[PDB]
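Quick notes on the structure that follows.
Read from first to last, the chains carry the letters A, B, C, D, E and F; within each, the first residue is number 1.
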């Protein structure tokens, strides 16, 4: 049922857009989205850290990105 | 019943481009307009469009009264 | 939902002033305008949509009918 | 289910005063009037509806056996 | 599930003292009297039912040897 | 996208006994090696042994790069 979530994350991934991921505790993670599934996002820099979507509040691209639908 | 209220409510905000605030469970206030949404996230536009997980949302507050 | 629906419907139909406390301790006040499985529309200055996942307790301002 | 329901039911039937602590740390107190899969109705001056998703612990004021 | 269940059942059967840390940082202590899919019943100085949704970590006072 | 990323990722950390830090939703940082895990919990071990609910985890951060899934 991720008809917007999946293509949006896929676009950020394919375009290698640096993102900020804000967590429910206010912490801010930064990096590039490497992969994701129903439950987690793999966010890359020094290592690739695995972020649980339950703990995410908002994903903020570092620059404007064009949604395609269909990814 | 859901989302018999939530969907038309967000869709109205979307179509009418109503300025809104989205308050998160940590207390953070996001501001902008609803660009689109699905079952689990809302895309909120301002300088970029940020994707907000509904799990993390407490309230959505339109900047003005909206119809149905 | 067995208990929520009648309880919220009584509050709505009777226009009972209510407080809704959120999981982070914030207190909202107003009246129930409508609801569905996942959200409550809380009226005052404007109608704000509250996600039930973010609600801890709903406290009426006066006693409400059984149930 | 197998523990939760009989436990809340016992508290309800025996009218045992309980404290319910929420995930934010706030303490509610009253007697459990009814409950379902999602909420507990907790009675004193008014009956307040508590979402189980927001509960940490239910602490009975006295020893209860199920 | 395949790990949580034998782990909790072992702590129960062997009356292992545990500390249960909640998502708000609060610490509960006691021994596990019983549990089901959604709650843990903790007993001792304080007797109480704990919702797993609110738990961050279960820290046994000594390591558990699993089946 | 991804199929199940979580299992092979946790399995690599488990099998290779890779030191990890697990950050919880309240900001608390746990450290150790992944002893085992299932769909809902992770058993972490070293200075303290403990069972962590995934519902309470924000991010798992390996101490060193982990092989491609």
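Things to note:
Here is the rule we use: a contact is a pair of C-beta atoms (placed from the backbone, for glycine too) under 8 Å apart; a residue touches a chain by one contact, two chains touch by 3 or more.
As a whole-number value, the distance joining the C-alpha centres of subunit A and subunit B reads 19 Å.
If you average the CA atoms of subunit C and of subunit E, the two centres end up 34 Å from each other. Centre-to-centre, using mean CA coordinates, subunit A is 39 Å away from subunit D.
Residue numbers of subunit F whose C-beta contacts span two or more other chains: 25-26, 55. If you sketch which chains touch which, the chains form one closed loop in which each chain touches exactly two neighbours. By the touch criterion the chains form one closed ring, and its order from subunit B via subunit C is B, C, D, E, F, A. Interface of subunit D with subunit C (complex): residues 22-24, 26, 28, 34-39, 41, 45-51, 53-54. In the complex of the two chains, the subunit B residues touching subunit C come out as 1-6, 9-10, 25-27, 54-55, 57-62, 64-66.
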